[PDB]
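# Summary of the model geometry
Chain by chain, the residues run as shown.
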There are 2 protein chains.
Amino acid sequence: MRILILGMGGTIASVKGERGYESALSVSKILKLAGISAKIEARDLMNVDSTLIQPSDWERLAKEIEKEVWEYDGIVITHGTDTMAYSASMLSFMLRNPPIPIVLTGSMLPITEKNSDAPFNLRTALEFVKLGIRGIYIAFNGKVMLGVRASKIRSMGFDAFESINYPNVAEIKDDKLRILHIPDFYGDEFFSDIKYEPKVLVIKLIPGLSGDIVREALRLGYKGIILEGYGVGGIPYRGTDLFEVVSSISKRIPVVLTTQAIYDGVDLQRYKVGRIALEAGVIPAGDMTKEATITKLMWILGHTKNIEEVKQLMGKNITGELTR
Amino acid sequence: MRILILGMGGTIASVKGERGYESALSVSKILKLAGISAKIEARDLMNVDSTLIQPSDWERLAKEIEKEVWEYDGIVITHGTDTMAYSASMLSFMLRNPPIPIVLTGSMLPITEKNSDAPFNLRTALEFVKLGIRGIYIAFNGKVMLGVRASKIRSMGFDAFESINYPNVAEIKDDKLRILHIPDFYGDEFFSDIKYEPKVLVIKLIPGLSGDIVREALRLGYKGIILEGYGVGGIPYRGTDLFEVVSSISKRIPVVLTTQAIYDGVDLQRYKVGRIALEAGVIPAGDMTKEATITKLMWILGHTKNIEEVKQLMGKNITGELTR
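Throughout, a per-chain count from 1 in the order the sequence is written supplies the residue numbers; the entry may number residues differently, and those without coordinates are omitted. Chains carry letters from A onward and ligands carry numbers from 1 onward, assigned in written order. Computation of side-chain values: all heavy atoms of the structure, hydrogens and water removed.

Its PDB record attributes the structure to X-ray crystallography, giving the resolution as 2.50 Å.

All names here are of chain B. One can find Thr319 in the segment after helix 9 (307–315). Note on exposure labels: buried denotes an accessible area under 20% of the residue type's maximum, exposed denotes more than 50%, and partly exposed covers the range between, all computed with a 1.4 Å probe on protein chains only. Judged by relative accessible area, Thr319 falls into the buried class, the value being 5%. Each C-alpha atom, one on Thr319 and one on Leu95, is 9.8 Å from the other, the two residues being 224 residues apart in sequence. Any two residues whose heavy atoms approach within 4.5 Å at even a single point are treated as in contact. Setting aside residues up to four positions removed in sequence, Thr319 forms contacts with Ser92, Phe93, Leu146, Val148, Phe185 and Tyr186. Numbering of helices and strands starts at the N terminus; helices are DSSP runs of H or I of at least 4 residues and strands are runs of E of at least 2.

This next bit is on the domain arrangement of chain A. All names here are of chain A. For the domain bounds, the source is a domain assignment made automatically or taken from a database. When the domains of chain A are assigned, the result is domain 1 (1–195) and domain 2 (196–324). Inter-centroid distance (C-alpha atoms) of domain 1 to domain 2 is 29 Å. With 27 residues of domain 1 in contact, the opposing surface of domain 2 contributes 23 residues. Throughout, buried area stands for the accessible area (probe radius 1.4 Å) lost by two parts on being put together, summed over both. The contact between domain 1 and domain 2 buries some 2,300 Å² in all, and 62% of this surface belongs to carbon and sulfur atoms.

Below, the discussion takes up the sheet that holds strand 10 (residues 170–172) of chain B. All names here are of chain B. Here, any two strands with at least 2 DSSP bridges between them count as paired. Read from one edge to the other, the open sheet built from eight strands follows the order 2-1-3-5-6-7-10-11, with strand pairing classed as mixed. At either margin of the open sheet sits one strand with a lone partner, and together these are strand 2 (39–48) and strand 11 (177–179). Each strand of the sheet is rotated relative to its neighbour by a mean of 25°, with strand direction disregarded. Across five bridges, strand 1 (residues 2–9) lies against strand 3 (residues 74–78) in parallel orientation. Across the sheet, the residue bridging to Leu6 is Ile77, located in strand 3. Fitted lines through C-alpha atoms give the axes, limited to the stretch in contact for helices. The angle between two N-to-C directions lies from 0 to 180 degrees.

What follows concerns the relation of the copies chain A and chain B. Remark: copies superposed by least squares on C-alpha atoms. For the pair chain A and chain B, the relating rotation is 179°, the translation along its axis is 0.0 Å, and the fit reaches an RMSD of 0.4 Å. Given the turn and translation reported, the copies of this chain are related as if by a two-fold rotation axis. Using C-alpha coordinates, one finds that chain A approaches the rotation axis most closely at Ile203 of chain A, a distance of 2.5 Å. Interface overlap between copies is the fraction of interface residues in one copy that are interface residues in the other; for chain A against chain B it reaches 93%, indicating a shared surface.

Bringing helix 6 (residues 242–249) of chain B into the picture now. Those residues of helix 6 of chain B that fall on the buried side of the exposure criterion are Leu242, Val245, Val246, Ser247 and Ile249 of chain B. The elements touched by buried residues of helix 6 of chain B are helix 5 (212–219), strand 14 (224–229) and strand 15 (255–259) of chain B.

A word on the packing of aromatic side chains. Stacked, edge-to-face and tilted are the three classes for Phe, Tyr and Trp ring pairs, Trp counted by its six-membered ring, which pair at centre distances within 6.5 Å; planes under 30 degrees apart are stacked, over 60 edge-to-face, the rest tilted. Summed over all chains, the structure comprises 16 aromatic pairs over all chains. Where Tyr237 of chain A meets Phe243 of chain A, the ring centres are 6.5 Å apart and the plane angle is 75°; that geometry is what we call edge-to-face. Two thresholds decide whether a charge sits over a ring: the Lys NZ or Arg CZ must be within 6 Å of the ring centre and within 35 degrees of the ring normal. Positioned above the aromatic ring of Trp299 of chain B, the side-chain terminus of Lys195 of chain B is 4.0 Å from the ring centre. One residue, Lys199 of chain B, lies across the ring of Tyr222 of chain B, its end atom 4.1 Å from the ring centre.

With that settled, the discussion passes to the packing of helix 2 (residues 55–66) of chain B against helix 3 (residues 84–94) of chain B. Residue and element names in this part refer to chain B. Interhelical geometry of helix 2 versus helix 3 gives an angle of 55° and a closest axis separation of 10 Å. Comparing the axis directions of helix 2 and helix 3 gives the class oblique. In this structure, helix 2 crosses over helix 3, and the sense of that crossing is right-handed. Listed contacts from helix 3 to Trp58, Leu61, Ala62 and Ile65 of helix 2 are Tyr86, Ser87, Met90, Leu91 and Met94. Charged means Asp, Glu, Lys or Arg here, nonpolar means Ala, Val, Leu, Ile, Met, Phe, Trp, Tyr, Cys or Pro, and polar covers whatever is left, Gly included. Classifying every residue of the contact of helix 2 with helix 3 by side-chain character gives eight nonpolar, one polar and no charged. Angles below 35 degrees are treated as roughly parallel, those above 145 as roughly antiparallel, those between 65 and 115 as roughly perpendicular, and all remaining angles as oblique. By definition, turning the near helix anticlockwise from the far helix through less than a right angle yields a left-handed crossing, and turning it clockwise yields a right-handed one.

Take a look at the structure:
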């Protein structure tokens, strides 16, 4: 059992510097502070403060994993929690059909604070990686979730991540990691497509919102747009020019409609506003997580800019991110 | 017992139509069609579809309620679920110190459907409005929540609304509405502060996001910007001009930083990145719901544009929306 642990930074690598928490620990030091020591090779790719991860970092990470995926039985990645779901999802699209278990983890409190969750999360990730279930996951607060289905719903409590609209892959019961179900949508060939278009915009739909910002986003050069709507989905065509503007922008760049809600997702077929929105050209996000949605659109935009192709790829279940 | 019931439209009043759902049923028909006809009285202010509500409507509803607050003991407002939290939140700020119980309800399925939750939700609203507990709430799936604290977390199931970072006011136990606690932050004198500025925009922070869209919102005339952050709080400054742009714009227009996570809220003192954001001019949204945060900023902008004043009020516990 040979395991590789890559560091990305985050709270798990943070410490109080009188100026609040700030990334300061290397991966090897994180492991020792946690009291962990199977052959484990620790490596620092970078040590970025939480909230500072950028798309560029996904590329570096993907390339690193790509050249080690055949030299290890499992890979664990210590990451900041704020953007963990983004990284997990983007990696899932870039590294399809991984041969080994790749699991991202982190913590809500640095290893230096009491009652820290870091050791527990490190332990759980390592425990899961020894089970041999390939794919990309997130291990947090005693659970292992498929990365592309994970979302951060809490900003402080220990149970910050939840598998949305999909069941947990593994859980701790009677002090042991029990497998609940094995994700089975992986093919044979492992291919890497480390290509994407980072410039997309995510706007929340609020009552009274105008389309001027959408028109301006196209002019600024955004290659795609995601609107966070209400309930099951629909664009307002009353009192504002939002609808007429979207009907036009959606023919030049993809305009994806997602939900402000956390559970259940979108279904543009349900209400009249939804059907009208579907006519304007908005692309449905199904039951995908916000993170999977955003990263998928970026990934897709890195391969094509044809609205029709984007619409089809968006509604396609590429790596278990959506239920059809 | 003299209850007023206002209709705003919504799913609860929709009919399968042909091009999907669309409200059509009246407030009178809804009541009778729910095994309920106590001295009540129904009145329709409007019958807006699934997501067409706009700030103007909040003013009409506010004044329509103000000139009736004394002639009744309680008010129930049938509403669409998509923006119910928005309306409830805005009313809380506009109608301070309500002397009677004002409850908003709706349903995920139209009464004109088998196994609809509308009857149950209506009965819970009427049941609660007879307990003399004043304030502005939302009743739904057997719970009564402080309106300025309710949020729509589910887009399909019946348990769509939830009290965020605050306990429910009433719940159903052993088939009876039980009061769990009475909000007291209310004063005695009743007054209305019906004023607001509707043009604010909300954009979700995502890795790699540029500040270009924030600079353009200012030029376009937006009077306030709300950034939906990652977690605890922080504005990226690595590989992006976002932090640079926000540092200057935050001195001309108020830019608020809230969190993407549904629970726990924000705290700009935890990480160094947060302290840096706080010093650059951004305004913390505390643990407020996204809906309360957005409506509160619109409301505040209705009488001032001074950055410091809006920062001060955004931080003030006006009507139960935040935990100081």
